[PDB]
Structures are given as structure tokens and as C-alpha cells.
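Accompanying notes for the structure given below.
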Amino acid sequence: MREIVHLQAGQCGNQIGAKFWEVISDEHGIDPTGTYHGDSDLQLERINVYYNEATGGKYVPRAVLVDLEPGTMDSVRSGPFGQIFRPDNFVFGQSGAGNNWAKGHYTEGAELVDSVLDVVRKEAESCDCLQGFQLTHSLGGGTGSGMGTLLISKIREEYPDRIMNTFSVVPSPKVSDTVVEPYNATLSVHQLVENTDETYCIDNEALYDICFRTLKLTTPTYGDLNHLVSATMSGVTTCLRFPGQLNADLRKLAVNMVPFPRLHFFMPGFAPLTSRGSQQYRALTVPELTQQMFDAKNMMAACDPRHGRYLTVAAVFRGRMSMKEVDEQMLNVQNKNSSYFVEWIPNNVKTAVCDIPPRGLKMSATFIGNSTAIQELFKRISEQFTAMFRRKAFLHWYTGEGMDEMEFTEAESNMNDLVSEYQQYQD
Amino acid sequence: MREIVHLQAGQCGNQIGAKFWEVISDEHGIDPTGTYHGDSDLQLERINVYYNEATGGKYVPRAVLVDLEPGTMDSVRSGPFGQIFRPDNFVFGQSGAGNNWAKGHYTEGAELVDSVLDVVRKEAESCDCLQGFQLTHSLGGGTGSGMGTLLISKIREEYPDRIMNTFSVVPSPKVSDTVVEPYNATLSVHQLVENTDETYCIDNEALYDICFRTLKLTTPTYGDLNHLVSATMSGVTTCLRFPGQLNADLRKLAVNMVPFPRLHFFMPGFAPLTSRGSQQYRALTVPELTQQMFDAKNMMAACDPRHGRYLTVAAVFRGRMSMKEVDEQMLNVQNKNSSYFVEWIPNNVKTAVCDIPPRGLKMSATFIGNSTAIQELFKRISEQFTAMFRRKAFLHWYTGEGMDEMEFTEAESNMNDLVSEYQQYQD
Amino acid sequence: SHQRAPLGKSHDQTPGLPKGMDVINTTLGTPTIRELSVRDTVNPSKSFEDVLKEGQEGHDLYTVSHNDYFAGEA
Amino acid sequence: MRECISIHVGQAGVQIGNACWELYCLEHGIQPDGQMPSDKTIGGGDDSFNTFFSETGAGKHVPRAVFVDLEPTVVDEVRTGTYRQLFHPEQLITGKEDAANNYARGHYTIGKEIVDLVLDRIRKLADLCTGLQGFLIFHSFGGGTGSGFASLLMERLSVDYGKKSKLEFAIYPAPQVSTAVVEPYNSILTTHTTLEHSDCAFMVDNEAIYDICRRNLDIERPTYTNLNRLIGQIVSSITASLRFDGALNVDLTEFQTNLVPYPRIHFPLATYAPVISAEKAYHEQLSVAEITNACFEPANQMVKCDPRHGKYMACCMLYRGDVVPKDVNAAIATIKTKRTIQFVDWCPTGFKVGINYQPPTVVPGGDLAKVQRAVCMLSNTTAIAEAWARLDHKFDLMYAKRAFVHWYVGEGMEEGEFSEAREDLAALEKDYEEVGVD
Ligand SMILES: Nc1nc2c(ncn2[C@@H]2O[C@H](COP(=O)(O)OP(=O)(O)OP(=O)(O)O)[C@@H](O)[C@H]2O)c(=O)[nH]1
Ligand SMILES: Nc1nc2c(ncn2[C@@H]2O[C@H](COP(=O)(O)OP(=O)(O)OP(=O)(O)O)[C@@H](O)[C@H]2O)c(=O)[nH]1
Ligand SMILES: Nc1nc2c(ncn2[C@@H]2O[C@H](COP(=O)(O)OP(=O)(O)OP(=O)(O)O)[C@@H](O)[C@H]2O)c(=O)[nH]1
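Residue numbers (PDB author numbering), protein chains in the order written: chain HB, 1 to 427; chain IB, 1 to 427; chain E, 379 to 452; chain IA, 1 to 438.
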């Protein structure tokens, strides 16, 4: 059977992964101690897609945790489900990253890649047939970018036959806190576009706006933002673990989703977001949800594709659903905005129907987007990088680490190719 | 019936044997006082392979204790099982060691070899028909090497038709404590090579690493090392004493283990090792055992054979297993590293399955290895020997004892012949 | 008044000493590691009993998991 | 079995000697009377004392040593002390004249008629003992009575007993403090007569011992009571192997076989790491790592040897107390990797370790600390030749202008023997440099 090995990296993915995993455990009904309480046969049958079995009826998570700062592991280990994760699984470093990409890409990773490779291949042998793997990290994160770019480069040669699912969060366009973040972003994405096949783009500003729009709760916790992105990540993974005539394999999906090889960047979408009174003020029906599914407010990934057009769209519907209401609502939206699509591809919609409703609500869905809305994203990162390389600010460090300006020259040339590429196909 | 009589030699073998015999008694369930408590039929019948009968259901161990320093022998006599040992078997001398190879080999041995030969032949005449003998000592030991070289030379001609099993611990590569130890080692190994047929190689540094790796217990005792090696020593001896569809005789094993006469040096390998939480975090399955018993970190003898290749491999499996899984792990490891074996011999694997598990662990195994991982060991001592013989350091004692430089000349030359012989067989 | 050169027999530190002198001060207890540790963990004293405990640990759960097998179990 | 005989020549060697059994009695709890409490340890003399004391059926622990000196003044006073009942009356060998700081006077004039007496003493101890590993010689190079008298006796015990070990312990002459200008006469006289017979000679200098007192023990005016207790603690630590056990037990035979490189030179140096005041250890922590740094810290040695000016050959450490091999072997591994510590390339391994579980105790009315982990650090380096280099340029002038020669030649000696020791010393110094040259 096809199983998946999870990869957690970066101090962000430290919080996403914990939230991502506890949702799954609570979804399947396993107690924090780990003794599963048999309630649903279907989730009992298909937990082995992600979890292996140990003694005592506990489902060991097949995820990999890597970082540098020990305190982060102590916190997640003291978290609600740290006991569920293995000290065997906890690999880390005797050093701090300094939020430095070059240190984590050449210096500190050098003595640590061996162990994690020895780690990941161990569970790779423990499992029989993988569809692939998925990675939680960030493009603008110090340890996450430094570690991931090394590992993804390595993981290709040993297993060039599996899925390179990458789950990365885009830092805020308006603010980056870390001032060398565009340097971290530019270096990583050069290898990322070279190495990955799929990439999720997520931004915090929209999450803040969505809280203003539908959560309406003023002061949230970052974990609640993790609760959001984990739910989106969970929904796309419900396909594999759950029955119903929807076609689940990411390869069933990705080939339907990408026209040309260098297209890896995709935009999530999710189903009813509800406020204080609207739980009892909402008639949960197909028309309203698909309306809310395709709301320019309801999106959360980067920014509005209203500036551009839609390349490919894929929709998965989770719950008691039927083909006729969806069929007409694709017809509804197709006739609603046909011109806002691209004439390059007609009927660019991909539909999957999961008959098993989620734990939390009956009618739900998830959306993944490939539109012409990524230009301004890397267009944004273009200007700062040119501005910063104009007078090489904050450069004496990486030279001491052993980096040269030449690496940047092709790297920006690589993104600028995509800028022309994304522009050329649509415009 | 074919039995074994044991010899405990050197001061290290004194701790080793004291640990070793109590492991046997507790495994068989005899109280420290010596009155066996009848619980298991199989161990009741097959205890005579090592023990003899005393009056009152007392199983006398067939071991002869030899040393020079009383305090070590008094300590083991005052142990929880010193009573089960015999003052008859306590032969010794009225002299101090000086940790001198030659004094024990020529001066102190001369007046003691007479007595020990009488005791062993009385013990030999006490029993009917041996498989052979086994010896616990060290190669770098001050006194144990001296008598160990003497006894093996003498016990060759009286009964040249039996098994010359040896169990010697290699000193720490980083530091030998004793500084004339490489002289003692080079002296000992010269006589060891022609007089032995089987050799066990053990290193404490790796044992120290094992404590850091899986035991994770910071501060062990030296006795905390002893049960570790005795468990491996017990495990290889479980096969004879216990029933099951596996061939037990060392001659079954040695002929499958020894292609050429000069191959005497063999390395141990042991099965599941567990940490603080992984007792309840481990799914006890034959694959993960086979995974773990074949781990680079799991070798404990000298170092990693990664630099070289595998000549012959033989593992004994103890517990409730079946004939098919050992095959398909054998196929898996054969496919896992097909090139890392020698093309000289295919199917270099010899497997044995003991159906009787340990008395509290079920899935277990023992591995004995012959790889091309011994070269660096005697190269290391080669520069040690050449540099100190370059300026004859510490030589005045042995000349004062009566030893001469010529003895060293062939001793290293024989080792040099062994260097190429291992090299030319593999490289 | 001898505080200027208070050596007459020995130096005094009593006012800074709020405790006694009778015995010596060990930094910590390596025994604490020893009671935490069980030497015989490779061979726990749990003979046939734990065989049944693992025997009744939900073969059906394990069969649903990965098609478990004990003793010829279909 | 496992026992040795101690000897103390020189009133320098007596009060340092007296202290050790004042120390030695405490750890076994010997009362000043000579017997234990109602608890049972007496018998055929077979218990912890059998290696040190002789407690026969009479119940009196007889120390296995003889106090020999040429004047009663110190020895009759301790014969009126607190432990004089323990000491055998004629084991306190007293003389009636003075050797006048003269090597020859002690070696020739009075020695002839006295050594026969102590020869009777040693054999009567020889017959009663069983194991007789070796001897403990406490003396001094510039001995007013220690120097000259020791030389003849060590020759006599060497010629009749050359199959057993001899261990020498003498205060090395104070380099910049000269309590005797006849010391350079007798000291080199002692060395040349001892180079060909002495097995293991261990030295010490009082100035640094004093300098130790005020650097960390915080005593700017200590006494012998402190000084003798310090060295008494030293000899106690090395002798703990005979008394008790540990992870491993090592004997002086291993010390001899593994420390001295070649004939002639047998002069390592001892060092004890946890030499700290009580309050310091009270509010700090002790472990193997830091005391390992201190034991190899150059200022913690009691001879004016700067190790970076020399090179290391042999180093023996004896961990007494609660230790584990793990942190010990890891710490010493870091020492091998160290660049300042320059061992000779001839020895890749040079570390003789001894582990003893028994922690060293405090002494009642003492100034020491409360130690768990302790180590006596015996080491030999090439930075010691400067000491005899100091002596010879001191010597060459004071032989160039024949100072005090009329005293020595007026009693029966000539200049050839004084000449001999110089090229004998010159032989050693060229030996020291050629072993220094790799
Ligand atoms: N865990 C976490 N990460 C956040 C949060 N907000 C923003 N981030 C970003 O997520 C990025 C990814 O984290 P990592 O890749 O693990 O960062 P790192 O490699 O340890 O180095 P730094 O980025 O300096 O922390 C960080 O750089 C942060 O900028 C948050 O609230 N929690
Ligand atoms: N029993 C024991 N032996 C040890 C230990 N650590 C190291 N050894 C070594 O085991 C070796 C073998 O012991 P023996 O052959 O009996 O030694 P010996 O001939 O009596 O003389 P030495 O080698 O000086 O001990 C010794 O040389 C030690 O170096 C330990 O903790 N316990
Ligand atoms: N070992 C030791 N030496 C001391 C002590 N007090 C002073 N010294 C020094 O040790 C030297 C003793 O040597 P000698 O004076 O020749 O001793 P001696 O041969 O026994 O005869 P005397 O001159 O009477 O003492 C003196 O020069 C002092 O500097 C002490 O308590 N113990």
C-alpha cells in the first residue's frame, strides 16, 4: 500500500507540524496518551497511510522533526502530543542558526545531514511503498531554508520516483522582520524551483485579514493560524485516507493540475468560514458554499488573482454531496467568469467528491489554486533584491561564510526567467 | 555427550567470568546458594554441557580460576556466587604481576603451568568428551596474555582435536593506559595466531559509545559492561544448550565461518537494544530487529567495516521466529548491499534460529561477523610497534628478563604477513 | 583585633558559614542514575506473563493495521 | 601478601614521618593506646593493618617502619609524645653524635657501627613479613643526617636485597633558598652514589608547597604540621591501593615498570589536584574535568619546572573516590588533543590511571578540604634538567675555588670522588638532552 513520510523543518514548521498532527489524532479519535478508542471503522482501516503501529495499540507518527534550538523541542515535547512523538525522531543541533541561510546550507547542515539521512532512510525501510513525502518549512525561515534546500537536493537522487510535496509559508509582503529574508528567499527558491514538484504558498497577512473578516475575535493565537493552515493541509490529505468516488492520489491530482514542469506554486482554498451568529444563521447549501468557496475575500494564500487570470483550478468536496449540484455549479461559475479564465485551456476545473464529512461540520471542501497571481509576488521580491544588491548591504557575513555575489547573479536570472515565463504564457 | 570446560584468565577475565557465570545461573534459575529450583525441563536436561553434578542438586561450574593477585580472587570469592565456585579451581601464585608479559610467560608461568595442567586434566578426566574449551582474557592484559599464550600453547598438543575458542578484549585505540601494552599485544598475537582457531574481538570504547547511544545512562560501571558481552557470550552458547531447528556445533559454524586457516579473528553482533521510553515505543518485528542488528552503530567489536567489505556473516536468532522471515530479510539485506560483499563468495550468510527465547525477552538474536575491518587495528599497532622499536623504549626490562629484539622481528613480520594476507584476499 | 592578620592558628570563615562541617559534600548522586537504571533491561523478569499480555494486545487491531500474523494466523 | 617497609633517615624525614602514622591511624581509627574499641579486628594480624601495621595477638598495631637518626633530640621528644606506646622502643634508632651536614661523616664515621644494628632490625622485620613488595625511603638530599647515612644503608639493602623495589622520597633542595652551602656538596654526592642503585626517586620542594598554601589554601604563614600533612596526604593517596580497592588496582611494580623510561633517570614528579581550602569547595563544585586542568596547570606543581620549556614522557594519575571511566576517558582524550601539552613522539600513550572508589577523608583539626574526587598526578618531563643545570653552575664555581674543602679532606676524603660526580652529572645532562631530542 502507498504510505507517506512527513518532514518537519524550520522553527515555524515546529508549530505547524504539532498543530497539523494533533488535528489528525483528534480527527481519528486517538487520545493524547495514544491508546486509540475504536469508534470509526474507516479511519481504523486507513490510518496506516501516515502512521505505523507499535505495541500498546499506539499509532506512531511517521514524521521527522529537525531544528537547532533545543528549547523549541522541549516546548513541543511538553505539548499536548509530544509523548506521541519519538525521542528517536528528535534530531537537532548543538548550535543556533543565527537565522542564517548560508550557515544552515553549508556549515551546520554538513554534520547533520548524515544523521537525518540515516534517520529518514530507516523509516523509509520501515515502510513498504511510499507515494512520496511532504515538508513543512518556510521560504523566509533561517533554519527551514538552510536545512530544506540541502535535504530536497539530496532526497531527489535516492528517490527520484516520489512526490516532493513542499509546504512553505510566505512572509508578509509589507514586512519581513528579518532584514536578510529576501536574501534567504532568493537563495532557497533557486534550488526550490529546481528540486520540487509541488509547493504551497501561504501568507500571514491574509490570515490576519481572515480573522478580521470571519473569525471576528480581535486577538488570536498563532496556533489558531496553524489550526487554519493545518485544516487546509488536512483537507487535501482526507482524499487518500477516506473512501468515496473521488480520486485521491496527488499524481491523479498533480498531472491534472500542472501544464508545464516549472509550475510548482499553488494557492489553497477552504470551506465555510463562520462568525458568531452565522453558525445558527447559515443554511449550509451547495450554492452558498461554492459562492463562499470562490470569494476573493475567502482566499488566504497571497493576494487577489483579480489582477490576472486563472490557469488551472482543482476542487475537492468533503461530505454528503452529489454530482449534479456540483456539475451545475461548475457550469454556474464557468458561465459566470469564462473570460477571466485563459483561452489556453478550456474546462480547467478538477473536481473530487469526498463522501465522508469532516470532524467538525458536514458540508466542506478544499480548493487549490494555480492562477496568474504569482507575478507580483516574485516581482515584489525582485525590487528589494536588486535594491539590496545595488549596494550589497549585509554582505560581509556570507563572504566570511564562503559565499560570493556570483551565486546571486544566476539566481535572480533564474527568477527573472520565471517572471518572463509567467508573463509570457498568460500575457 | 559433548561438553565444554571454561577457563577464566587475566584480571579482566576475572570480572568477565564472575559476571558470565551468574548470568548462566540466573538464566537457569539456580539460587546463589546453589540449590536449583526446578522450573524448566529443557534447562534441567541440558545443564551438563557446562555444569557437573554435586551432592544435593548443586550444579558445579566447570571453570578453573587462575591469577596472581589475591585481592581480585578474594573479591570474586566474596561475590554473590563465589560460593558456587570451587577453592579447588582457585589456582594462583605468590607473586605480583608487574603487568609484564615475559614474567608471566617465562618466569611466573614456569612454576604455575604444572599445577594448572593437573587441574584441567583432572577436570578433563572428570568429564567424558569435550567439544573444546573457551577462554576469557585480554590480548593487552599484563598477566592474562602471559599465561593465555602459555596455556594455549600447552593445551594444543595434549588434545589437538577440539575447539580453541578465545574471548579477548582489544584495548582502547585512543589510549592503552598501560604503555608497554603494544609490546605485550604484539608478543601475544604472535603466539595467538598459530595456536587459536577462533577469536572474539571486543573494544571498550565502542561499549562506551553503546552506553551513550542506546543505554543513554551517562555513568555505568565496568560491570555494566560485563553483562553486555556475556549476554552475547551467553547468546552464542544458548544454541548448544537449547533445542530448536538450528545446528549448534561450533564446527557446524567454524567450517561455515573459516574459509582459510589464518582467519581466526571474528567480531560479535547483538540484537534489540532499547532506551528509556522505547521499551513501550518499539514494535517488536523481525524486520526492525534485522534492521537494528544490521546497524552501523550496532557493531560493538572494534569499528565500522564501512571502509572494507564483508567476508563471512553468521547470525543466530533466539526466540519464536519462522524459517521464511529469516530468508526474506536475508534476501533484503542481500539486495540492500549486493556490491558491499566480496565477489569472492556469494551467499556468505549463515543463519540459525533458536526457538527458545530469553527468559523475559522474546525476539532476540546474536551475530558473529568476519568482515574486512581488522586491517586498521593492526596497522594502528604497527606504527605503535615500529616507533617504539625504532628507539627500543622500555626494552631493558625484557632483556633483564631475558627477551631479545629478534623475537620482536618475526612477531611484527608475521603481523606484516597478516596485513597483506587480509589485504590480498580482499584488495 | 587580630583580624588584620588572623592566622594565629588558622583562618576564620565561620560568619560566612551557615551550615556545619561534620562530613564531606558530594556534588550530586550518581546513585540517582542507578536507581533510575535497571541493569537487567535486556532480560526483564516477565517470563510467560508478558507473552500473553502481548498476545492479547489486539491482533485484530494489528491485522487491520498491516495484516498481523502470530502462529499461522489467517 | 601486599605489604612494604618504610624507613625515615634524617630529622627532616622524622617529623614528616611521624605525621603519616598520625594520619594513618585515623582512617582505620587507631586510638592512641594501641587497640581498637570492643569491635573485633585483632587476631593473627590479618586485616587492613596487615599491609601497614603489625597488630599481633597482643592487640597492639606495630607500624612496619624504623625511625633512624643520629641525635635523640627530636626522637626522644616524640618518644614522650602521644603515640610512643605504639612505636617499638628500638625501632626509634637514635644516634649520639652529629653528622654535621657531612655526607662522608654520616656515610663513613658513625655509619659503620650503626648500620649493623639497623641491619638486625630490617631482617627481623623481613622474617615476619610475607609479601615485602618494597621499601619507603623518606630522606633529603641536603640531609644533615639524612644525606650521608642514607647512602650507605641504601647500598647495603641493595647488595643484599636487589630483587625487591626501593622507593625514594626526599625534599629537593630549595633552588633559590640555601639553608646549607654543604648541601650542594652532599646532594650531588648522594645523587651519584644513588644513580646506579636507586629504583624510583620522587622529589618535592617546600617553597611551592608554601606557595600553594597562600595561593589557594590561603595560609601565608603555615607550619610543618600543614606541610607534613600535605605530603602525608600524598603518601596516603598512593598507598590507598594497598589499603582498599577500586575499579582497578595498580601496584608500585607497575609504577616502576611503566614510569622510568631507561636506566639512570627515574625521577618523576607527583601532584595532587584538589588542593583547595574548605570554604572554596564549600561554595563550588568539583569534577574530573576541572581538576584535570588544574593537575596539568603548570603552577600546581611543586618544582620550578616550566612544562612548556620541557616535554612530557610519562604521566600517572590515581583517581581516589567516586569517579566513572566515561568522563575520565573523555577528559583525558581532550588532553591528548591539546597542543600546549607537548609529549614526546616516542610515547603515543603515557597515562597510567588508577581508580579507587574510596573518597579521601578529612583529618581532625585539619586545614584540608572535603574531597570526593582526588588524584595524585605522577609525571616525568624534560623540564627538570634545569634543576641540575642550576646545581652545576652553582657547583662549578664552588669547586673552582675549593670552598670548605679543608673540612672534607681533614676527615678522610679526596677530590677525585668530587670530580667523579661532576662528569657523572655531566653524563646525566647529556642523557637528558638526547632523550629530549627526537
Ligand atoms: N513558529 C513560528 N514561526 C513564525 C511565526 N511568525 C513568523 N514566523 C516565520 O517562520 C519562519 C520559519 O521558521 P524557521 O525556518 O524554523 O526559522 P529558523 O530557520 O529557525 O531561523 P529564524 O527564521 O531566524 O527563526 C521564521 O523565520 C519566522 O520568520 C510564528 O508565529 N511562529
Ligand atoms: N577486570 C577489569 N579489567 C580491565 C578493566 N579495564 C581495563 N581492563 C584491562 O583488562 C586487561 C586484562 O586483565 P589481565 O590480563 O588480568 O591483566 P594482568 O595480566 O593481571 O596485568 P594488567 O594488564 O596490568 O592488569 C588489563 O590489562 C586491563 O588493562 C576493568 O574495569 N576491569
Ligand atoms: N623534611 C623536612 N625538612 C625540613 C623540615 N624543617 C626544615 N627542613 C629543611 O630540611 C633540611 C634538613 O636537612 P638536615 O639539616 O641535614 O637534617 P638531618 O640530616 O636529619 O640533621 P639536622 O641538621 O640535625 O637536621 C634543612 O636544611 C631544612 O631547611 C621538616 O620538618 N621536614
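Note that CB positions come from ideal geometry on N, CA and C, so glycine has one too.
Check: If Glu-108/HB and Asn-48/HB are in contact, beta carbons under 8 angstroms, what's the gap, nearest whole angstrom?; Outcome: The Cβ separation is near 35 angstroms, so there is no contact.
Check: Grab the span of the beta strand (DSSP E) containing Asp-392/IA for me, first residue to last.; Outcome: From DSSP, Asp-392/IA is part of no beta strand (DSSP E) but of the alpha helix (DSSP H) over 385-400.
Check: Tell me whether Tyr-398/IB is buried or exposed, calling it buried when 16 or more other Cβ atoms sit within 10 Å of its Cβ.; Outcome: buried
Check: Using a Cβ-Cβ cut-off of 8 angstroms, state whether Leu-385/E counts as contacting chain HB.; Outcome: no
Check: Can you list, in chain order, the residues of its chain whose CB lies under 8 angstroms from that of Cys-127/IB, leaving out five sequence neighbours each side?; Outcome: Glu-3, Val-5, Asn-52, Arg-62
Check: In chain IB, which residues lie with their C-beta within 8 angstroms of the C-beta of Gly-56/HB?; Outcome: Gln-280
Check: Runs of 4 residues minimum, wholly inside the region 315-347 of chain IB: which ones carry the alpha helix (DSSP H) assignment?; Outcome: 323-336
Check: Who's in the neighbourhood of ligand 1, going by beta-carbon under 5 angstroms from any heavy atom, listed in chain order?; Outcome: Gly-10/HB, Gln-11/HB, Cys-12/HB, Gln-15/HB, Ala-97/HB, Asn-99/HB, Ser-138/HB, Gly-141/HB, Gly-142/HB, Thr-143/HB, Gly-144/HB, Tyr-222/HB
Check: For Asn-298/HB, would you say it is in contact with chain E, using Cβ-to-Cβ distances shorter than 8 angstroms as the test?; Outcome: no
Check: With three or more beta-carbon pairs closer than 8 angstroms as the criterion, would you say the region 189-204 of chain HB touches the region 258-278 of chain HB?; Outcome: yes
Check: Beta-carbon of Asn-421/E versus every beta-carbon of chain IB: anything under 8 angstroms?; Outcome: yes
Check: State the CB to CB distance for the pair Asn-226/HB and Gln-43/HB, rounded to an integer number of angstroms; the pair is presumed to be in contact (CB under 8 angstroms).; Outcome: So it is not a contact: roughly 22 angstroms between Cβ atoms.
Check: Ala-102/IB: beta carbon under 7 angstroms from a heavy atom of ligand 2?; Outcome: no
Check: How about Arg-417/E: is its C-beta nearer than 8 angstroms to some C-beta of chain IB?; Outcome: yes
Check: May I ask you to verify whether the region 312-331 of chain HB touches the region 348-364 of chain HB, counting CB pairs closer than 8 angstroms and requiring at least 3?; Outcome: yes
Check: How is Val-258/HB classed by DSSP in three states: helix, strand or coil?; Outcome: coil
Check: Can you tell which of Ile-335/IA, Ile-276/IA, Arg-84/IA, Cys-129/IA has the C-alpha that lies nearest to the C-alpha of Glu-3/IA?; Outcome: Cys-129/IA
Check: For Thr-271/IA, I'd like the list of residues in its chain whose CB is within less than 8 angstroms of its CB, leaving aside the five on either flank, ordered along the chain.; Outcome: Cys-295, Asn-300, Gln-301, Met-302, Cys-376, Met-377, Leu-378, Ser-379
Check: If we call anything under 8 angstroms between Cβ atoms a contact, is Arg-86/IB one with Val-66/IB?; Outcome: no
Check: Could you list which residues in chain E have their beta carbon closer than 9 angstroms to that of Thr-218/IB, in chain order?; Outcome: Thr-408, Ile-411
Check: Under DSSP, the alpha helix (DSSP H) around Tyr-282/IA begins and ends at which residues?; Outcome: 278-282
Check: When we look at the beta-carbon of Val-76/HB and count the other beta-carbons within 10 Å, is it buried (16 or more) or exposed?; Outcome: buried
Check: Check this for me: beta carbons of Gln-133/IA and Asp-251/IA, under 8 angstroms apart or not?; Outcome: yes
Check: Less than 8 angstroms between CB atoms is the rule here; does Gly-321/IA satisfy it with respect to chain IB?; Outcome: no
Check: Quick one: what does DSSP say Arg-320/IA is sitting in, helix, strand or coil?; Outcome: strand
Check: Under 8 angstroms: do the region 404-414 of chain HB and the region 96-115 of chain IB share three or more Cβ pairs, one atom per stretch?; Outcome: no
Check: Taking 7 angstroms as the line, does the beta carbon of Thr-145/IA fall inside it for any heavy atom of ligand 3?; Outcome: yes
Check: Please list, in chain order, the chain IB residues whose beta carbon lies closer than 8 angstroms to that of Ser-425/E.; Outcome: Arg-359, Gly-360
Check: By the three-class DSSP mapping on this structure, what secondary structure does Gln-384/HB have?; Outcome: helix
Check: Return the residues of the region 96-113 of chain IB that lie within a Cβ-Cβ distance of less than 9 angstroms from chain IA, sorted by chain order.; Outcome: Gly-96, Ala-97, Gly-98, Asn-99, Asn-100
Check: If you draw a straight line from the C-alpha of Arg-422/IA to the C-alpha of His-107/IA, how long is it?; Outcome: 19 angstroms
Check: Quick check on this structure: which residue in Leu-139/HB, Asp-327/HB, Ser-230/HB has the alpha carbon closest to the alpha carbon of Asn-347/HB?; Outcome: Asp-327/HB
Check: Please check the pair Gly-132/IB and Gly-10/IB, which I expect to be a contact at CB under 8 angstroms, by giving their CB distance rounded to whole angstroms.; Outcome: Incorrect: roughly 20 angstroms between the Cβ atoms, too far for contact.
Check: Does any C-beta atom of chain IB lie closer than 8 angstroms to the C-beta of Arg-86/HB?; Outcome: yes
Check: Closer than 7 angstroms, Cβ to any Cβ of chain IB: which residues of the region 423-447 of chain E, in chain order?; Outcome: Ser-423, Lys-424, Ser-425, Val-429
Check: Is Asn-101/IA near ligand 3 - that is, is its Cβ less than 7 angstroms away from at least one heavy atom of it?; Outcome: yes
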